[PDB]
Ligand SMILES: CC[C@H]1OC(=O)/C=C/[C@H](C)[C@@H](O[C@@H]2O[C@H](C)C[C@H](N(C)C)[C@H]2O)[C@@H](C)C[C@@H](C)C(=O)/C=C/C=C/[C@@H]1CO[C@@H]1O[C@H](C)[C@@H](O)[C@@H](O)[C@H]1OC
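We begin with a single chain expressed as structure tokens, specifically the form deposited without the named molecule.
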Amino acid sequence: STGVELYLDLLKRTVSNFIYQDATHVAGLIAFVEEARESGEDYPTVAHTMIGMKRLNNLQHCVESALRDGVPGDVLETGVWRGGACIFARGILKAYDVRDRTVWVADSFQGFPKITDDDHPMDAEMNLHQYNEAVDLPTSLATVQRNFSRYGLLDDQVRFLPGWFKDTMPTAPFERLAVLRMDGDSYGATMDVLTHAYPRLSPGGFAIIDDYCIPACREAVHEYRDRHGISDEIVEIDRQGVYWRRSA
């Protein structure tokens, strides 16, 4: 109805490529299937995000909620792949003409880390690194930037954090977050980012776990929530993502 609604709606359909409905890579529990892209259950060969429409909608709800309710801070995604969700997020801010917040785009830009003997047992058991070729996960900072540019959204309110989260997170140059989107799939990535980034999540802000259904990740989420006495309700989004809103 409003121009904002149309843009954002179109942007969602575009980053997920509902428009042209590109094939999926063959991997894990897996030709374009509408119910699969709606819920983010597939591995797109061309689309700029894999999170699907329910998680895009969630992301929109979180950012919009924040802006409306005056929650201060930036938006950060840890694990961006081709950048779609961050593109969308920069889109949301452009739509409401916000020039005081930034979208932080954090990634190895090389896919999943090789497993070390440091790594948590579960992260070792699933070796997400092996699925990198199969799902075209290694995606360079340059490629990601190009994609932003294609939507007309690459600019000084998009900043990049190339590197592993353990290295890039503790000392990253943002002061406060309104939305923290975790999409690392592993215990390590999730723990790395909750540990070093969650403290900067403004009260009122939102924490999103993209793959709560993965046990390694779920473990980290609870270990972290236990440790800090966090009891904010965990709300499901689709078949794998959840989020909570931080109270004081």
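Quick note: we count residues from 1 along the sequence shown, nothing fancier.
One more form of this protein exists, namely the form deposited with the named molecule bound; it is left out here, but the text below deals with it.
With a cut-off of 4.5 Å between heavy atoms, is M50 one of the residues that contacts the named molecule in the bound PDB entry? Yes, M50 is a contact residue.
Classify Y131 as contacting or not contacting the named molecule in the bound PDB entry by the rule of any non-hydrogen atom within 4.5 angstroms, answering yes or no. Flag for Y131 set to yes.
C213: heavy atom within 4.5 Å of the named molecule in the bound PDB entry? Yes, contact at 4.5 Å.
Contact flag, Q240 vs the named molecule in the bound PDB entry, heavy atom cut 4.5 Å: Output for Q240 is yes: heavy atoms within 4.5 Å of the named molecule.
Residue (of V46, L67, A27, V33) lying close to the named molecule in the bound PDB entry, criterion heavy atoms within 4.5 Å: Selected residue: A27.
I need the one stretch from 119 to 127, 147 to 155, 172 to 180, 95 to 103 whose residues put non-hydrogen atoms within 4.5 angstroms of the named molecule in the bound PDB entry. Selected stretch: 119 to 127.
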